[PDB]
Amino acid sequence: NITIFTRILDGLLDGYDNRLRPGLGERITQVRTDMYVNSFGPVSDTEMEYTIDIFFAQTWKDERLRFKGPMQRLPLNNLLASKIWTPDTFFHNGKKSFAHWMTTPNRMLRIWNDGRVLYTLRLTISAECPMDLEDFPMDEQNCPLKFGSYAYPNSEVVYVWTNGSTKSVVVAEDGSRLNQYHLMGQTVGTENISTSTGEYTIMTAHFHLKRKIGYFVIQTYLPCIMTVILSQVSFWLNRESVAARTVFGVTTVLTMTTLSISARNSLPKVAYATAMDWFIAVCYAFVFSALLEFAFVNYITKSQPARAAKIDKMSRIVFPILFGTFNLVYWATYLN
Amino acid sequence: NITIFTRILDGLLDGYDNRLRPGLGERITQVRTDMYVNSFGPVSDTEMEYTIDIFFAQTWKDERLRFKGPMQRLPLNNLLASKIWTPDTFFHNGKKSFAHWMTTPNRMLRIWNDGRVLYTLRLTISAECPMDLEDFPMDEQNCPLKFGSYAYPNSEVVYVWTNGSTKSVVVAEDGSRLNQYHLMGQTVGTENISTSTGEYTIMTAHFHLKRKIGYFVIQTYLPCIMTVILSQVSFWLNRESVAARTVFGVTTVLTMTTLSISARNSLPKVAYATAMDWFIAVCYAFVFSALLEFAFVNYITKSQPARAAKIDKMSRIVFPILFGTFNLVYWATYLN
Amino acid sequence: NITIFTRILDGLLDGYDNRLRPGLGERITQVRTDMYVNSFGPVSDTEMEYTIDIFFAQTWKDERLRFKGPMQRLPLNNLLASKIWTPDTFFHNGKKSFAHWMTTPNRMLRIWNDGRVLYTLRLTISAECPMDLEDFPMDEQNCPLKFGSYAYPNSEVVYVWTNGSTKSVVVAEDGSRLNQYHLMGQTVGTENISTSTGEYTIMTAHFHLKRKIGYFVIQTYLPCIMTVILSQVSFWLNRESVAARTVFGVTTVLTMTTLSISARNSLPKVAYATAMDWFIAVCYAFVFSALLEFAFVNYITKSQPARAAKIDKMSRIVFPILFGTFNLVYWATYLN
Amino acid sequence: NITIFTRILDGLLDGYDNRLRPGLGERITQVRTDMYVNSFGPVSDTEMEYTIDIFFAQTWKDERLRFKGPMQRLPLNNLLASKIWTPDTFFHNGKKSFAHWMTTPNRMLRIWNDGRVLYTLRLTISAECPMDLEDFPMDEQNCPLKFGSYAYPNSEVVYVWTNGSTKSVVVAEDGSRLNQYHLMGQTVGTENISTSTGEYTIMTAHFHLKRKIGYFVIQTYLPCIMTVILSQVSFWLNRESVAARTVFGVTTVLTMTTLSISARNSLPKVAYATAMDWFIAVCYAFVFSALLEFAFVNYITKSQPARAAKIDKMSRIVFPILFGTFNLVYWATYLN
Amino acid sequence: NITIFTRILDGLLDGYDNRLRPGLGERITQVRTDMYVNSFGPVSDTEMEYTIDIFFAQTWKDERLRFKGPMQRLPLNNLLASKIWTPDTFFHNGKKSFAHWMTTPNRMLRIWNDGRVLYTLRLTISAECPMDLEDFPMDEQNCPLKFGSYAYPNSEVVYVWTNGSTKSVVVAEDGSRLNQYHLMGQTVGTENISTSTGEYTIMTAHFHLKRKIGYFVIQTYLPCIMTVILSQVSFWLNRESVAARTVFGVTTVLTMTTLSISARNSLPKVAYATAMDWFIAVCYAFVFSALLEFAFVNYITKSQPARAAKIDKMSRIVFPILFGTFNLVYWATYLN
Ligand SMILES: CCOC(=O)c1ncn2c1[C@@H]1CCCN1C(=O)c1cc(OC)ccc1-2
Ligand SMILES: CCOC(=O)c1ncn2c1[C@@H]1CCCN1C(=O)c1cc(OC)ccc1-2
Ligand SMILES: CCOC(=O)c1ncn2c1[C@@H]1CCCN1C(=O)c1cc(OC)ccc1-2
Ligand SMILES: CCOC(=O)c1ncn2c1[C@@H]1CCCN1C(=O)c1cc(OC)ccc1-2
Ligand SMILES: CCOC(=O)c1ncn2c1[C@@H]1CCCN1C(=O)c1cc(OC)ccc1-2
Ligand SMILES: *[C@@H]1O[C@H](CO)[C@@H](O)[C@H](O)[C@H]1NC(C)=O
Ligand SMILES: *[C@@H]1O[C@H](CO)[C@@H](O)[C@H](O)[C@H]1NC(C)=O
Ligand SMILES: *[C@@H]1O[C@H](CO)[C@@H](O)[C@H](O)[C@H]1NC(C)=O
Ligand SMILES: *[C@@H]1O[C@H](CO)[C@@H](O)[C@H](O)[C@H]1NC(C)=O
Ligand SMILES: *[C@@H]1O[C@H](CO)[C@@H](O)[C@H](O)[C@H]1NC(C)=O
């Protein structure tokens, strides 16, 4: 009763060459690909890469595997995978892709009577996702995932998504858990690229990422906001208290300087100004400007005290208003 | 006397196919799984992963391995493991699982006359354990461990725990040693998940983790507590000592600011406020508020000194009481 | 003359099964283990692990390998190691063990006429060594090394050390070079553990480690000691110099606070107080207490200056004596 | 119709030795190499290495593979690659080179009737790129890429670029994306090196790198520039304000000191002065010199106040001019 | 014409056993080793290890490989390397050695008619180089490289350097490029070690390393030197300026303290004082002593101002002279 299956497997492997694609010189092999994202690994901004774990699957038709028997399906494992022909699928953007071999190589091979073949594999792809940090942290990233044949051009092997976009790519509810990103959706597409070796079909899947704010607020913005308010306290102190007001100006300026250096330690070493950088620079101007007002006041406090006192009183009102007004423009400009 | 065993092994391998599960098309294969945790590796909060070393074991019935001989058991090693059929067990949540091959691949294969098979393997699983750090550090984590068949659905292979929960999962006394966690217990369960490929049984084991407090007390809370007390010292200084009291307010505020940044360096970059963050913010208000009182006093110390002196004396009593009262509410709220 | 050896090897492999232990069902296999430590790798306190490189060797008797020839010994290499049976030795505590394959797999196989077999292997074991940091840095660590059979219980395979403890375990003179530890000696032992799978003999080797002090003295203790002395300088300053004495108290307190945070960065995140922590806390009290005395003096310097002056003069003598006395108790308590 | 291809493959492998190069003892094997850079990985300055992902390809003529059939080309995969002879190409400067095996080993093997063979491979090379950081960050780096035969000297195997330089080496538009470098172009060349083993042809490809400035401006230069301006504010303060001006000099000097240490943390530990180091040193002199002027003024402010006041007024103009003039020389000298 | 080579290879492998060394029981195998250092990797002081890439080569005589043919040499690749016998050479001090397999395993096998065999291999050795940091950074390190047979004692296999020391070991001109070391030369030697397994010949190569100074000057020495000068500025300030002089003493002392902690972060955690540590301690005394003089002056400035003024004037001259004199002794003592 079990020996029947053994004979079927031997017959299929008899006269079957794994080095030749099905329907060679007779038609164009058609492969249907479906992907399931078990978990979306962390997105490393420093290296412009992200880690994703998926159960990649491919379906194709092979007439050489036709068989007749009481059972309409033949579930199997990785043992027979190497005995037959499989597409040389690879990721054009993947920097380091490895599979899982424990406890057993996570592979499946299901064959039907008509010859249809299902082959699912588990992979962890450390693909590269370039990011334009011009509106950072109010930036949206579209990380793609490109894969295709390595040796078979479009004229021989063609990859096509199965059913609609939703069924083609599926993400687990708990898989999309990123500490500093939100998975807003997924999209798929196909295209042909012209290469010296030939034309190859490219299967591209794009993931929409919306960075979640709140970590930088407690890390960079809030210390800067409170630092500016700290400097404004000097405006409420007496002019003759030269030493007391000097500490506020010097300490606040240095505090802002170290925050900028510390803030960018985690940020990638990008050679352009980000939105956060402008906010820090503006905050630096307020604290720096406050010290200049105190220095200017102390220079003329002996000649014309009347004007010096007026400026100090005016500064107590003008500076808070400008800082508050600036925030509304800054936050509204990006949060819209 | 020894040659008898050699003949038995040859007979079993004669006509035995390792690509077909036992009892194919006749019944449903039943597998009993028992796990022993040699050591519970570190729990990395930054990557939301934990490392665990276990001696995973599986038991199943195979009639093709029946034999008769003087010895009722046939202890063996990994050499014969590849010669027979084994389940394609895998961890649905494991991110990187590897075995130990030194000195020899840590595997066993014991076979009885009735055909029962025992197969134990040693593995190190770097599984992912998402955590909700809303009550951090007063948070309880339930890290699961999900595993099951990769190619055989529930209709063909079924996993069931052996005996009770205590016997099914065992943790070594010295294995459960975490520098910042306590292993409060273990639990097991089974469920069926509906997938496009089919229905698969899932064996889930949950470990109860109770974070141990005391490291953060010496790291974050105590410096904050002493910093607040340091600011309150300014209330005991003379009002005319403008410079002396200025140092306390400025230095304390900056000290709190750097602690918040330093404290969250180890903490995961979560985009929400934790319990520790609120405690820091409240402590920041006290030190920041103290400076405001000094600034307010210095502004009116010339017009109405009577009220200014009253506030300074009152501040010496009100502020310590509020800080002490706040701690009791904060600690009692979470420690209960 | 050389062809004679070739025939001998072929004869031994004829009818020899590597899947069966020698003397199966006739006696209990006896294995003698000798270890040589080429180099004792670094001891990582953060991960509670240590790296050790050893030339592990095993000796056992096998009658199936008996041969007669002009040469009494047959030196060989790893090529024939896989062709015969070897014990499934493994480390019960090893977290990641790997061998060296360059230039050639470092293995030997020597066989005598009587059938005795010598098999030496080179390994690098990243074992786990839990430590109780209650007296840190005045702590002594006893890192064990447990290994034994994985599939053969005590009733089949037994491990016994050869000769005495000194000969069984040998450490190279230059191998025991640790930047923050001293290798005070080695010890060995054997025991039987009862397991669900059966009873297995355990070969445990313990290494005595005595942490060497001097790195923390220049890193933590000395800055703390000098910081306390710095605060005491304020006692020699005039009371009216409110600003001058304020800097000492504030700066010293903050300096101690940052040292505690910086000091524990390298230390493991243990949720209990160490001996160093108590020393820091005591030093923190002295600097903190000095500020309180200055604040207390400034509060009553106008009402009863006589008592205020007396306290300041007394503080110059009392505080240094207490700090000096405390050190003698602290150092003597642990250094004894 | 498909069986025809199978017979052709068997015929070619019949009597074909993969250990012998084509045309042995009859001519000199000629190999044409073409390279495509999929992505130029990060350039690590600390380790003087860079990561590059390329689709390395080699073409050569082999008469032993001649065949006749309806199809003029025989696309294949890695399965037949090991069955034939391939050059032992290697990178003379590569420190760690690994290929990608997922989903399938990324290799191709195309054979024509005339016997021409195309063999493309995907590799990730962590080559070493020594850099002379004398004009850092205004430095241009020329990272080479050397490869050639390991066992076949120039008299047997010769490597030659195909077509022109542009076609020989191609870089993807999105591949050349470096956070702190610009890919200004590529160049190729060939040379013969005399070695004890023999003469080997070397294929060298040089990549022109132009470091992009702007990250260090926000990291090092700007804090230094603002720090110098901060010190100059003391020149506008009254001489009798000894305490107020003391803070500026001390705080600014320490701020510059920490920036130099922090700035070089990312920079490689080079034992020579860079252009940035000189800029920091000059900025340090200005802040340090300003303190000396204040100290000098305070020393003679009692004897000859007339000269002291003149210096203070003059310093307000001289110091800003020198700092501004120095920047123009510094920036113009390197930015030209 | 090409088939002749194929027959020769088959004949040599006929009756050839790779498990037996040449001339077994007839003589002692002699192996000549020559080494070429392609590049000397970084020397990691923290782990007391260094990385080196070499083209290790071995030459020996084997009469079993004698052949007659038109070609006097048979260049080959790694394919035939495993088919013959090769020495089990290994590095007695190497902690992790791996080869390069891309594009092809970098190995060669050349055989002459007389039977001489040449076998060159490329390796990357992460050997351990213990260092005595007593004169750090004015320290000279002699990193050795020990290798020899693992299974064949001196009585069977002997390693001898070929020709002189210069030819035996060769270092590329661009290979010896270390950011903090100079390669002053190389030396070789041979010795016999007595081991329980037997006597083995050891081939030791020593590399002379002279640490290059200049990185620590800009990192540690210069900030310390300028810090001491900064403290001496207080000697030029008026005694009554208690607050002004207090900042210099406190700020300088703390600045020195943090430099010592920061300086040793990169330095290995050695439990003894280095030359740099003594320099820091001496610099700490000067800044600390200066504060004591100010405190002492302020204590007696009211009783006997005459002596207080004299000390302040004297301090302006004595302290700079002692610091300058100390440097000459310190630098001359080690730089000689
Ligand atoms: C989409 C094609 O199928 C796959 O991609 C694929 N390949 C393997 N497994 C799947 C399926 C897909 C949907 C969810 N899913 C699993 O997560 C899973 C769970 C199992 O239960 C322990 C066993 C196997 C799988
Ligand atoms: C639960 C099924 O058995 C396993 O999971 C299993 N597999 C291997 N070993 C075990 C057992 C389980 C209980 C403790 N235990 C060992 O730790 C151990 C110790 C030995 O002694 C050196 C030898 C073998 C094992
Ligand atoms: C104790 C059983 O023997 C071993 O554990 C063992 N195994 C290999 N080698 C040894 C010996 C042991 C003592 C020192 N020792 C080596 O270090 C060594 C040195 C050699 O010379 C290059 C060659 C081989 C070895
Ligand atoms: C220059 C010799 O050919 C190669 O170096 C080579 N080798 C493989 N593939 C290429 C080509 C070269 C140009 C771009 N290019 C690919 O990126 C590519 C894209 C494909 O489509 C999914 C499939 C294969 C390749
Ligand atoms: C000393 C024994 O020979 C070796 O150690 C050895 N082994 C391989 N290759 C060498 C030689 C040694 C001298 C320089 N040298 C190479 O760098 C090299 C360069 C080549 O050209 C691309 C091809 C092969 C080698
Ligand atoms: C790619 O080529 C195939 C050839 O059949 C064609 O059907 C398809 O439309 C092409 N795709 C694009 C985007 O041009
Ligand atoms: C899963 O399916 C099996 C089928 O036999 C059933 O016995 C079991 O009760 C199911 N489990 C759950 C949780 O529904
Ligand atoms: C372990 O078991 C063996 C069985 O022969 C016995 O000889 C030995 O004494 C036992 N060891 C201990 C520690 O009980
Ligand atoms: C290298 O050697 C070949 C031998 O044919 C010669 O043609 C070529 O010109 C040489 N290259 C150089 C740069 O000398
Ligand atoms: C090592 O042993 C060999 C044996 O032939 C001898 O020739 C050689 O001199 C010995 N070397 C030393 C350093 O004793």
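Residues numbered from 1 in each chain as written, not as in the entry; some residues may be left out. Chains lettered and ligands numbered in written order. Heavy atoms only, no water.

In its metadata, the entry names cryo-EM as the structure determination method and reports 2.93 Å as the resolution.

In the annotation of the PDB entry, chain A is listed under the name Gamma-aminobutyric acid receptor subunit alpha-5 and assigned to Homo sapiens. Per UniProt, the comment on chain A under Catalytic activity is "chloride(in) = chloride(out)". In its Subunit section, UniProt records this for chain A: "Heteropentamer, formed by a combination of alpha (GABRA1-6), beta (GABRB1-3), gamma (GABRG1-3), delta (GABRD), epsilon (GABRE), rho (GABRR1-3), pi (GABRP) and theta (GABRQ) chains, each subunit exhibiting distinct physiological and pharmacological properties." (UniProt positions renumbered as here; feature names shortened; annotations may be inferred.)

Participant: Account for the state of the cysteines, with residues named and values stated.
Facilitator: Taken as a whole and judged by the stated rule, the model has five disulfides over all chains. For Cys129 of chain C, the disulfide goes to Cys143 of chain C, at an S-S distance of 2.0 Å. On the sign convention where negative means left-handed, the S-S torsion of about -80° between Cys129 of chain C and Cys143 of chain C marks this disulfide as left-handed. Highlighted residues: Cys129 of chain C in the loop between β6 (116-128) and β7 (140-149) and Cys143 of chain C in strand β7, separated in sequence by 14 residues. Residue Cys129 of chain C shares its accessibility class with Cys143 of chain C, and that shared class is buried. Free of any disulfide, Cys224 of chain B has its nearest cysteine sulfur in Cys283 of chain B, 5.2 Å distant. (Disulfide = S-S within 2.5 Å. Helix = DSSP H or I, 4+ residues; strand = E, 2+ residues; numbered from the N terminus. Buried < 20%, exposed > 50% of the residue type's maximum accessible area, 1.4 Å probe, protein only.)

Participant: Go over the interface of chain D and chain A, please, and point to the residues and values.
Facilitator: Counting residues at the interface gives 55 residues for chain D and 56 residues for chain A. Buried area between chain D and chain A, both sides added, is near 5,000 Å², and the carbon and sulfur share of it is 63%. Of all residues in chain D, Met102, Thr103 and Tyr215 of chain D bury the most surface against chain A, accounting for 15% of the area lost on that side. The interface formed by chain D and chain A contains one salt bridge. For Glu156 of chain A, the salt bridge is made with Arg73 of chain D, and the minimal N-O distance between the two is 3.8 Å. There are 11 residue pairs in polar contact connecting chain D and chain A. Put simply, the parts of the chain that give the side of chain D that touches chain A at least two residues each are α1 (3-13), β1 (29-44), β2 (49-61), β5 (107-111), β6 (116-128), α3 (215-232) and α4 (242-266) of chain D. For the side of chain D that touches chain A, the element with the highest residue contribution is α3 of chain D, accounting for seven residues. (Contact = heavy atoms within 4.5 Å. Buried area = accessible area lost by both parts, 1.4 Å probe. Salt bridge = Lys/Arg side-chain N within 4 Å of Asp/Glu carboxyl O. Polar contact = N/O pair within 3.5 Å; in protein donor to acceptor, adjacent residues only side chain to side chain.)

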